[PDB]
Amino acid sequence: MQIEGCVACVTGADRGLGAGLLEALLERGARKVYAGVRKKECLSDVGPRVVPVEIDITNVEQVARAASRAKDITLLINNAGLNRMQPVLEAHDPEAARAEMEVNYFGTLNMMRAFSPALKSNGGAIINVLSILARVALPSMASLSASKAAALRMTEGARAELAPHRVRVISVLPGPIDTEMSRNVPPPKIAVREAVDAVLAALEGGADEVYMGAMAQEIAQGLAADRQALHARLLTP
């Protein structure tokens, strides 16, 4: 499908990749964008074609309220996410793993469940912004990795359930992007503008598993070519 004339909802639209997606959807001729934010005061772009909607994706009531006000949706981009950057065992915060799972898996799932009825009725597409770490843990962020892997399996199951109803479901798997989430990750990081372009370009390709950037491509190719060798290298300190 085309961006031109679509009715989109983007979560996490107040900053980072989501703010970039909001701006690009507008520039490329979207009819309307529901800009999901946790505090409407956080949004700097509230002009024409933008409908700010309060959505903490972990809050089932806010998600339901948003879906009921967005029955014209044709494109959902599940962009909101949380990376607490902690290992699974030696975590400073033992509850961080549960918080990441709550946003990246249960929150995305809440959005899928609430917005799918309208997408089935209208036709359309869902893009889930996951991570290359859905495919392999980085030990220092292994609980983020686990939450994104759960979200990838969920995206596969949702694709199967929605395929007979003409709703396309795409996963995008990036390496590091230059946003506040990765403030502590050393460069090189993908520029937001490049990441925005790659997310939106996924609608024009045929792949439902889309790797963004060199790191993500290298990991996917290495896992296919020699899974065991790559694991032994990446997971032995």
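Counting begins at 1, following the sequence as shown.
Original post:
Out of 119-127 and 133-141, which one has CA B-factors that are higher on average in the deposited record?
Top reply: The stretch with the larger average C-alpha B-factor is 119-127.
Original post:
Do the CA atoms of 156-164 or those of 98-106 have the higher mean B-factor in the entry?
Top reply: Looking at the recorded C-alpha B-factors, 156-164 comes out higher on average.
**OP:** Taking the values exactly as deposited, rank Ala214 by C-alpha B-factor within its chain and report the matching third: lowest, middle or highest.
**Re:** For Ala214, the deposited C-alpha B-factor lands in the highest third.
Subject >> Relative C-alpha B-factor of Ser171, binned into the chain's lowest, middle or highest third >> reply: Lowest third, going by the recorded CA B-factors of the chain.
**OP:** Give the position of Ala13 by CA B-factor within its chain, expressed as the lowest, middle or highest third.
**Re:** Tercile = middle for this residue's CA B-factor.
Original post:
Which third of the chain holds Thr58 when residues are ordered by C-alpha B factor: lowest, middle or highest?
Top reply: Lowest third of the chain for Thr58's C-alpha B-factor.
**OP:** Taking the chain's C-alpha temperature factors as the reference, tell me which third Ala24 falls into: lowest, middle or highest.
**Re:** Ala24: CA B-factor falls in the middle third of its chain.
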